[PDB]
Amino acid sequence: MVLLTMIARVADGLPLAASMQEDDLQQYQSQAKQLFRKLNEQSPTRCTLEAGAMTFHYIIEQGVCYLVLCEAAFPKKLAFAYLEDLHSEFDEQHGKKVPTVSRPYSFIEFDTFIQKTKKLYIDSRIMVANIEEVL
Amino acid sequence: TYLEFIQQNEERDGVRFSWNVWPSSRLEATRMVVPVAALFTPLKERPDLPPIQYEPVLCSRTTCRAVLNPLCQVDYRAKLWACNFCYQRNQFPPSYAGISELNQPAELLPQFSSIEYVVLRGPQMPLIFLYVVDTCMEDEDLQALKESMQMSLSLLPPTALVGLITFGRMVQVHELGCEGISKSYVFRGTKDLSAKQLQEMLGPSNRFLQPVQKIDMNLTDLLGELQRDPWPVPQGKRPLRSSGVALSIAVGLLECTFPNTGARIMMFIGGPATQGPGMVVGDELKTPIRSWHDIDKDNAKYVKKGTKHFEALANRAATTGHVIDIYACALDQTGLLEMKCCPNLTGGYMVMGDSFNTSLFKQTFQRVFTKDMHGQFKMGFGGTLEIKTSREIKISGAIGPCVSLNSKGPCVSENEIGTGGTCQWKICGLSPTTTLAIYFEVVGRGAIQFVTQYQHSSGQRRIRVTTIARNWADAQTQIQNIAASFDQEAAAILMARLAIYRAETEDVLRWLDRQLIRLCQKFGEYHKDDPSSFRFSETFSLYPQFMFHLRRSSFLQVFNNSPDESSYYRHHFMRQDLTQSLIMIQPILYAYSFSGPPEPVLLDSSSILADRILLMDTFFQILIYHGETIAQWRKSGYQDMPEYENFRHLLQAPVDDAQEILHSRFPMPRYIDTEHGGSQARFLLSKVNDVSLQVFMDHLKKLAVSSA
Amino acid sequence: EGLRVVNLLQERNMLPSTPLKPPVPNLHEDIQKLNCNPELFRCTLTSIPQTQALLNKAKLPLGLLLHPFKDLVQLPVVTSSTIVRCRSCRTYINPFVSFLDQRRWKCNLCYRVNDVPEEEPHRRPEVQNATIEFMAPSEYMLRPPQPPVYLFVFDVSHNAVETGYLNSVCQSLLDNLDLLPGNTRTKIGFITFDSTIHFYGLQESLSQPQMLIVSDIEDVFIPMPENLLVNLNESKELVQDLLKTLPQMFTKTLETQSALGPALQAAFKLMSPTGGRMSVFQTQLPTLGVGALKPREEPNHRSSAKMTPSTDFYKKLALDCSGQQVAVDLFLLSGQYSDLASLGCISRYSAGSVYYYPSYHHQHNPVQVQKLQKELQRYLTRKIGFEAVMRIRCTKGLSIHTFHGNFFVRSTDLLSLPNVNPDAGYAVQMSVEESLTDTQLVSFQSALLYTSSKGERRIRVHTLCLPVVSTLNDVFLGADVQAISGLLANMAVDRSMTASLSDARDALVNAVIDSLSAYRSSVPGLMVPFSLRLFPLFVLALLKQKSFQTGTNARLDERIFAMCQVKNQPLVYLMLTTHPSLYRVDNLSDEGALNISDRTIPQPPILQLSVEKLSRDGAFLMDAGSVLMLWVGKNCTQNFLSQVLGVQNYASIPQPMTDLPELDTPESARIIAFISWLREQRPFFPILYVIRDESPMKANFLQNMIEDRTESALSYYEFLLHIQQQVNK
Ligand SMILES: [Zn+2]
Ligand SMILES: [Zn+2]
């Protein structure tokens, strides 16, 4: 019911595409930026992480990480039903170019598609671990 | 026969007295067990009925001022009539100088004991309808409200004003007719407003309330593309539904615009009030809407204040003169236990269904605009009931859709029953089915006059007079002659309202029983300390059986229902005529089989015949049953066969025998079709049968003969 | 050139006929060839005092005038993965670094020697370019690049309709809809307000845009979570439809009141989770709600200089707006006093910009209609940056102590500019905190961190290098008279809000007096050096501008807007407004900027701003920067009137002659060419009037002749003597 999606390059950690909206995002988008740096070629291809009131949810495919952060509660097996539709469109439209670019947020225009898919998921109509462990 | 006497007087005067011979003495007055009352139906239909297009005559005594009636004495010679209430002698008016013996005024003929005057004077005011729409529902259940709301306007008269309010988290007062912009004012679904406020915050036709004939094309398209509350609904949570404000804004909207004329506030909720004042339950599904159990065990803190807010919307809307109807259709409980002071105090309706997409609900809605034979609505607005009495009779109270006008007079009783302390009330909306119960007190013949002045759905101001006369009780033969006029049926539905009013406004059954016994001891026959002898007369006989059913009814035995269900059921009871009331307290059972045709049977498990096909008519549901062996040869696919064609009429006689009232009764009742083991036959054995009837009668008899 | 002295009394023709040029700092050739565009960064003193002392006795003021977002021809933009800067001071690698090891570089601001990371290193671009733009990495942003959000807020009150501006605004918005800067993320909104606040939804789901009023002026909110700020791309036809609609919605409103405060507090909430650019359009004193602004009364010519805001509200709101990367632009179109003193404070503290169209009316005043029209085309197609921030670094020993422009100074003197205007100016006063003994060279550099319409973080860094001098006379030799007058104006405007208009007008004389009294005591009549041979003239022009003049019928909103433009317009345009360039355009000859293949374009001598230089038998043109004007001679030649005016005698000219017809005479193409060259030396399209006749009610042309006397002010010769007598006390 409340979000924070991020797509980044698993190598350097360069973020590629995000979606945020407010009406806090400061501390919480940090760890995601520090998680992104940690993730390497041993990191779990799918993994769920846990944090007090919130929760992280990311896959990794073609060498790109599709993280989303949500205030605990929110359906676990449904979160990955978003990022599967995300990774669909990313690898579809932009998959080819992801290791060629280098300006941060080079795929920002992908914000426009996160939102219409983000919401078509809020109104009703794997590995477990703790965040402070990996970081 | 005093039987015909009951039914001729209801037919004509729309009245049903508990006793039609009243106590001639402060001796038997005070010892009147079941009190002196009538169920007064102020707009009962009349076939050969001519409205009286002239002002009604009145008495030239400043305090009296009752209407010329077939009781008052005349003097066709000396142009003079003597009022029967105060014995004044009155000059005849101008129109009444040409009177004759042969050709006497309509008002005085014993046919027009009830009569209807058309006081055509002021220029008629247009009717008003305020749609108050909830957008917090599913697409299937909301789409079928737009359709079914849109139907209503093909039925509404040219000159009537319409207004729309959608609400959810906010409330949107729509300003209508505007082109290429379609605007709406918007308000926090969490701050109540004064009528002044909402006048100032906004500013015969309004921007908001407009003649249908000149916006019926732009209001339909609004409903046409009305869409769901835009705010999203988070997992585990109910929507945010601001019904408390959205009602009091509809209330306050009409308050500052058209105070004191017929207007209908029509609110449709698809779920409870989850925000604002007059809240009903929180936004989390984990905790669920309060039950009666919760309410008795003090686990529902949202109803004590919720009840308050709506109750004050009722008084503020019933004082203004507007009617608040509520059409709740949702699977979960919808908050009708706090909100019921609105349709109840004003004359407004209450309608309950699973989802608005039921054919049940959508028809139950076009029935709100069923016209008479003239193409004019049956509903009326702004009635003012005034009751006048002989110098002996005082008025304890009224139980029913009405509010006090707190007017005083030597005819008001120091005993207040419910809405007591007035001889004037204001029914804020009414139909020819509305029935109050007026309760009187004693302090040659007796006369009561009923004066209702209401707004007709043709905008005409009309006044209805019903003047009645019932004889006092010769003291030589007092108590013997009273037991004759007893109306066992009327008296039970009259006592039944006394009961509900104490329950809804808190034992009860203790008082109900003490009057059953007290009654048995005063009017049936027996020998003390001997139960065997006790027989009642033909006149009373039914009274205990009805009491047996009233005390086990849904209306007193609140549990096994929801608080909404109980408030709903009680609602219709306090407004229905005798006839329909009895159907409520004791369902009416019929019979169908190979042996014997349609014939009513005793509600008892001695009647649950496998052999037979029934038909139980609760006022609120229409059941049809198939026994062991009647369910079996239907699962047999044998119905199909054309040798046994008797099978068919058997399993489509009650169908027709039901569709006939399935399209008459106002809130169209649930239709059922079940058999032994069916999931809903559980109602058949929960109304079929202290304990059961037989045993119940004896505990009564054994106490009927013991200590006074 | 010339070290020479100047006697301002005898010459009196001191001003060049050619446009003045910036002064070239006395700096080694190979260094000066890299110094940045003077129209992008320029000190008041090319030659930098060594001691706070020495500065203190030139009585000239040390400061900088920058114009950082100027639309450039050639802008090198380096995408260096890693960015090399000072490992202390955090300065960016200026070309004025002293390399020493080919492995180490000498920081020219805080004197620390750094290693150049493994990335002919002297001729790398970061060092061959003083005006460079960097591609900031991920560490240089708090959030993903915001999309462009342009919300527009209209006043629709009774007065508002009578003016009729909503018709022009909406046709401008339509004609520049695809030209609005952004990519597929560009968001857009709309709000109107009279006594109530009106939002507009936009879904392709119903036919019509929806109008959602808020009526709780004492407690405002948003009525819909989506479709109030819509994606322009997909929702374009729904936005277009509304713009053909809105001008026709109110044509009969009887609302006299305007709840600006509430409107705006809502307008801020609407966009607050993104920030953007709130375009606000206003027509009268706001009289309803918070932001209530009591009416005031205009001072006539008979008043003594006796400025400030009326309430903190308009400022405190602008701080909030800043904190959320919201910028407010005030389009005032009023015809009566609106307390712009209070209203402007909305664009001042939020990186805004104000636009004033006194007595706007789509009939009664077609001048502003054509001004507002053009200015909007600029405000709408001009490049834009978002959620920008700026820091100005100067070499050790100098200290910046004061800031001028549209922005919010946050801790560590961070110019928080919620938006970066490409035609906005900024200025700064420095002082010598630590004496410049060990140094022969100081450098300044400012960095602009912003977000582009295309959603990419960029940093614009300009760097400037200047010498250090140690004598009074070498301080004067590279004084910058324009830059000094500009700094003095921004300086004086605060002075008039801090104290009094007389106290403002005072330091402005004492800036000349105290300065030349100190140079005369550093060596018969009024001696100045060449570089200051125009300081008394321009400062006169200062005192005579609408911002500072006294004995005039000036109204409050005009003079306030006059100051608002001081603090926010760059240098070149403040100069042009102050001392307009006047041209003899009756007889255009040919010693002119021809070359440009097939054109003409003479450069007739820039004429001094006096009547005696006029001549009633000709026709003269006056460049005010933001507008052009043409005086026409009563007794003029008809040849002119009949071949470029196309009118038989000066008596038959239409009074509001909006612009010359494009006739068919070498004499027409001429004054068309010379006007057009004047138009393309600016992106602001300036309007041109022939209206000046001899009594066509427009004799303001006469208030710019700032050398002549009045019933109200001195003459330039008169001003010269007040100086001398006070130089020689
Ligand atoms: Zn009387
Ligand atoms: Zn450094």
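The first residue you see is number 1, and the count goes up from there.
Backbone N, Cα and C atoms are what each Cβ position is placed from, and that goes for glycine too.
What Swiss-Prot records for this protein:
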type    : residues                           : note
BINDING : B:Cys59, B:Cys64, B:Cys83, B:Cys86 : Zn(2+) binding site
MOD_RES : B:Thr287                           : phosphothreonine
REPEAT  : B:598-684                          : repeat 'Gelsolin-like'
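Using a CB-CB cutoff of under 8 Å against chain C, none of the binding-site residues from B:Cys59, B:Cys83, B:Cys86 qualifies. In the three-state DSSP reading, B:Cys86 (Zn(2+) binding site) counts as coil. The Zn(2+) site is set by B:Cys59, B:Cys64, B:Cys83, B:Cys86; from the centre of their CB atoms, other residues of the chain with a CB within 8 Å are B:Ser60, B:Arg61, B:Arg65, B:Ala66, B:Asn84, B:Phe85, B:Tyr87, B:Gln88, B:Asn90. For the binding-site residues given as B:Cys59, B:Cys64, B:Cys83, the lowest number of other CB atoms within 10 Å of the residue's CB is seen at B:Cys64.
Checked against ligand 1, the recorded positions B:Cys83, B:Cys86, B:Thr287 give B:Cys83, B:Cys86 as the ones with a Cβ under 6 Å from it, listed in sequence order. The CA atom of B:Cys86 (Zn(2+) binding site) is located 63 Å away from the CA atom of B:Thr287 (phosphothreonine). Gap in the deposited chain: 22 residues are missing between B:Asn689 and B:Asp690, whose Cα atoms are separated by 12 Å. According to DSSP, B:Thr287 (phosphothreonine) is assigned to coil rather than to any helix or strand. Think of the gap as 3 residues with no coordinates, bounded by B:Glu506 and B:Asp507; the Cα atoms of those bounding residues are 9 Å apart. Straight-line distance linking the Cα atoms of B:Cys59 (Zn(2+) binding site) and the residue listed as 'phosphothreonine', rounded to a whole number, equals 63 Å. Measuring straight across the break, from B:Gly203 to B:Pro204 at the CA atoms, gives 15 Å, with 19 residues left unbuilt in between. The residue listed as 'phosphothreonine' and B:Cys64 (Zn(2+) binding site) have their C-alpha atoms 59 Å apart, to the nearest angstrom. Distance between the Cα atoms of B:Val443 and B:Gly444, which bracket 10 unmodelled residues, is 15 Å. For B:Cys86 (Zn(2+) binding site), the count of additional Cβ atoms within 10 Å of its Cβ stands at 15 [all protein chains shown]. The residues of the repeat 'Gelsolin-like' (B:598-684), classed with DSSP into helix (H, G, I), strand (E, B) and coil, number 20 helix, 12 strand, 55 coil.
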